[PDB]
Amino acid sequence: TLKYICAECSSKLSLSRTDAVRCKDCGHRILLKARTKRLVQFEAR
Amino acid sequence: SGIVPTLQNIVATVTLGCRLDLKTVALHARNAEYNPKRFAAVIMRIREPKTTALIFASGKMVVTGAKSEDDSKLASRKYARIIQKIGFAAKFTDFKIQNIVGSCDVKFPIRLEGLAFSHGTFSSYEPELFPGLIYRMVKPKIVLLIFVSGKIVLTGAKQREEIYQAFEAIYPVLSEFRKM
Amino acid sequence: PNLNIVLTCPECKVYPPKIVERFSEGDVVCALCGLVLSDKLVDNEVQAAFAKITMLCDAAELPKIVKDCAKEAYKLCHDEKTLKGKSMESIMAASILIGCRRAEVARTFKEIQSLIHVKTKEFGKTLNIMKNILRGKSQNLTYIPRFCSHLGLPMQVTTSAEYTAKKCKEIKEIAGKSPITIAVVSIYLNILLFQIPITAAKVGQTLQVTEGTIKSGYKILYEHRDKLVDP
Amino acid sequence: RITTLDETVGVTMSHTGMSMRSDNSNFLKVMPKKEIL
Ligand SMILES: [Zn+2]
Ligand SMILES: [Zn+2]
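If you're matching them up, the sequences are chains F, G, S and P in order.
Under the UniProt record's numbering, read the first sequence as residues 26 to 70, first letter to last.
Under the UniProt record's numbering, read the second sequence as residues 61 to 240, first letter to last.
Under the UniProt record's numbering, read the third sequence as residues 16 to 58, 124 to 218, 234 to 326, first letter to last.
Under the UniProt record's numbering, read the fourth sequence as residues 251 to 280, 294 to 300, first letter to last.
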């Protein structure tokens with residue numbers, strides 16, 4: 026499974042496939058994709 | 061296992077061979093009903109074997125309510141004798157059993173939804189419409205009504221062995237979908 | 016008769032085609048010798129039925145996906161022998177309820193029965209034969240939130256009701272006597288747990304369940320209050 | 251003026267769509296042969 030976030034309560038979900046799309050603990054159907062864990066690099070230029 | 065289905069109702073047809081005057085029949089029979097406006101047949105009954113006959117003007121007769129094939133033929137001959145006694149040139153012919161109904165109890169609850177999913181092409185289950193699962197067996201061609209309680213109804217048989225055959229065939233399936 | 020074109024490298028010839036296609040250059044090239052394979056890559125009854133069906137699903141506010149599943153279904157049935165009748169009212173309701181099922185949406189037999197008068201039992205037979213045809217051409236839970244809507248109940252109430260339905264089905268005992276009674280009773284329990292009044296007659300009216308039925312379900316459900324508690 | 255219904259909005263919609271509630275009102279609910300002859 027893959028980790029997501031709720032729209033409002035910002036709770037961590039990590040719902041799996043074939044769970045459709047909804048938050049547990051509230052009805053918001055807007056799920057954020059929960060930013061990547063691995064490191065990202067920039068040049069200050 | 062150990063369970064064998066109990067026969068509950070046998071339906072048969074008989075050709076009397078002559079036309080009948082229904083008012084006459086209804087009038088002379090000891091236990092008859094006849095209201096032309098509701099149904100076109102005299103509904104006659106006898107006490108032994110306890111059965112009901114639907115008697116038509118064409119001379120055809122339907123006999124139902126018997127619990128055994130013996131009782132069916134017996135009661136049929138009896139109805140024919142009554143018609144004779146009333147005065148028509150009736151003959152007891154073409155006795156044929158058209159439908160046999162049986163039932164039993166497997167003694168455990170069944171998961172109807174699982175069974176319906178697994179045996180989908182033979183099953184029909186709409187619990188809001190009717191609480192039992194309708195199972196249409198291919199060989200033998202018998203219809204079974206399966207209930208959550210474990211009570212089973214088998215119907216559509218022309219011969220007793222078909223009732224017995226179907227149950228033997230369904231038992232393993234009912235076991236696979238038990239609740240306790 | 017033949018007419019199928021395949022792309023093959025006359026210089027390679029080793030494999031069948033293994034190539035890449037370059038959309039920007041609009042050309043297609045063998046990935047091996049780097050040769051260009053191609054260039055200049057270019058960039124009466126029914127209609128009446130679907131019309132009235134369209135009206136029905138529309139008045140029902142069902143999302144187009146459901147509408148179109150039912151349309152598809154109905155096309156398959158169409159003029160076939162086995163149907164042998166039903167006057168076009170039974171088929172439209174059947175196909176609808178199908179498309180609902182297949183769409184994972186749920187609608188009660190009563191609801192559709194409110195959009196169309198099908199006489200009931202006749203409807204069941206038609207629905208079953210249609211179901212058989214679909215197999216030949218080869234779940235209460237959803238109802239629970241929908242009902243809350245009708246009552247406008249909080250989310251926690253709804254999820255509580257869901258836990259209640261799963262727990263009740265496992266514990267068996269009356270097997271449900273159709274799902275509708277269980278869904279409504281499950282709610283009635285969950286709400287009575289909480290302080291929010293609907294009382295009883297209001298839910299029996301509103302959701303069209305016999306008050307006696309709700310109370311009867313309530314006694315047995317009350318007996319198993321022990322194991323139904325989520326927290 | 252016009253009045254805004256303030257309810258939970260769920261009840262109103264339930265009545266709108268298929269409600270499982272029907273009827274409750276009616277409007278456009280729509294001598295023998297020898298002597299005899
Ligand atoms: Zn949330
Ligand atoms: Zn090449």
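Where is the CB? At the ideal position from N, CA and C, for every residue including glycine.
*Contact between the stretch 138-154 of chain G and the stretch 84-97 of chain G (3+ Cβ pairs under 8 Å)*: yes
_Can you determine whether any heavy atom of ligand 1 sits closer than 7 Å to the C-beta of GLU33 of chain F, and answer yes or no?_
yes
*Below 8 Å on the Cβ atoms is my guess for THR308 of chain S versus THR259 of chain S; work out the distance and round it to an integer in Å.*
Between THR259 of chain S and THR308 of chain S the Cβ distance is about 17 Å, and since that is not below 8 Å, they are no contact.
*Distance CB(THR111 of chain G)-CB(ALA100 of chain G) smaller than 8 Å*: no
*For the beta strand (DSSP E) containing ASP154 of chain G, list its first residue and its last residue.*
Bounds of the beta strand (DSSP E) holding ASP154 of chain G are 153-165.
*asked:* Which runs of the alpha helix (DSSP H) at least 4 residues long sit entirely within the stretch 241-295 of chain S? Give them in chain order.
replied: 250-266 and 274-288
*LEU214 of chain G vs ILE170 of chain G beta-carbon contact at 8 Å*: no
*Output the boundary residues of the alpha helix (DSSP H) element that contains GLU306 of chain S.*
306-318
*Are the Cβ atoms of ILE202 of chain G and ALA176 of chain G separated by less than 8 Å?*
no
*If you run the structure through DSSP and keep just helix, strand and coil, what is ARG238 of chain G?*
Three-state DSSP puts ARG238 of chain G in a strand.
*What span of residues does the beta strand (DSSP E) with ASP138 of chain S cover, start to end?*
Run containing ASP138 of chain S: none in the beta strand (DSSP E); it sits in the alpha helix (DSSP H), 125-139.
*May I ask which residues mark the beginning and end of the beta strand (DSSP E) holding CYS45 of chain S?*
Boundaries of the beta strand (DSSP E) harbouring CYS45 of chain S: 42-45, taken from the DSSP string.
*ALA150 of chain G: which of G:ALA229, G:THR66, G:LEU76 and G:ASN69 sits nearest, CA to CA?*
It is G:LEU76 whose Cα lies nearest to the Cα of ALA150 of chain G.
*Between the Cα of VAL74 of chain G and those of G:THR124, G:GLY62, G:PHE152 and G:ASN95, spot the shortest distance and give me the residue it belongs to.*
G:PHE152
*asked:* Please report whether the beta-carbon of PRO240 of chain S lies at a distance below 8 Å from any beta-carbon of chain G.
replied: no
*asked:* Between the stretch 258-273 of chain P and the stretch 239-256 of chain S, can you find at least three pairs of beta-carbon atoms closer than 8 Å?
replied: Yes, the stretch 239-256 of chain S is in contact with the stretch 258-273 of chain P.
_Just to confirm my understanding: we take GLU169 of chain S, look at its own chain, exclude 5 residues before and 5 after, and list those with CB closer than 8 Å. What are they?_
Only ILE196, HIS197 and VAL198 meet the Cβ criterion.
*Pair within 8 Å by beta-carbon distance, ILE63 of chain G and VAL166 of chain G*: yes
*State buried or exposed for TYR195 of chain G, treating a residue as buried only when at least 16 other CB atoms are found within 10 Å of its CB.*
buried
_alpha helix (DSSP H) segments (min. 4 residues) lying fully within the stretch 98-182 of chain G_ = For the stretch 98-182 of chain G, whole alpha helix (DSSP H) runs of length 4 or above, ordered along the chain, are 129-146 and 172-178.
*Verify the CB distance criterion: does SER194 of chain S have a CB-CB separation below 8 Å to chain P?*
yes
*Which of helix, strand or coil does DSSP assign to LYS199 of chain G?*
coil
*Say the cut is 7 Å; is the CB of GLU26 of chain S nearer than that to a heavy atom of ligand 2?*
yes
_With a threshold of 8 Å between beta-carbons, can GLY210 of chain G be considered close to chain S, or not?_
no
*Contact list for the stretch 239-259 of chain S against chain F, Cβ threshold 7 Å*: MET250
_Per-residue contacts from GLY204 of chain S into chain G (C-beta, under 8 Å)_ = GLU186, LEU189 and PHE190
*Cβ of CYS51 of chain F less than 8 Å from any chain S Cβ?*
yes
*Beta-carbon proximity list for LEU57 of chain F, same chain, < 6 Å, skipping 5 on both sides*: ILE30
_Using DSSP's beta-bridge definition, name the partner residues of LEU323 of chain S._
DSSP lists no partner for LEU323 of chain S.
*Alpha-carbon spacing of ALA128 of chain S relative to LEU136 of chain S, whole angstroms*: 13 Å
*Three-pair Cβ contact test at 8 Å for the stretch 160-176 of chain S versus the stretch 202-213 of chain S*: yes
_Residues of the stretch 140-164 of chain S with Cβ closer than 7 Å to any Cβ of chain P, in chain order_ = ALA140 and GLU141
*Just the Cα atoms here: how many angstroms apart are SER275 of chain P and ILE252 of chain P?*
27 Å
*asked:* For chain S, check one thing: does any of its Cβ atoms lie closer than 8 Å to the Cβ of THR66 of chain G?
replied: no
*Starting from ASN212 of chain S, trace the alpha helix (DSSP H) both ways and give me its first and last residue.*
Here the alpha helix (DSSP H) through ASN212 of chain S covers 201-216.
_Residue environment, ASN17 of chain S, which counts as buried when at least 16 other CB atoms sit within 10 Å_ = exposed
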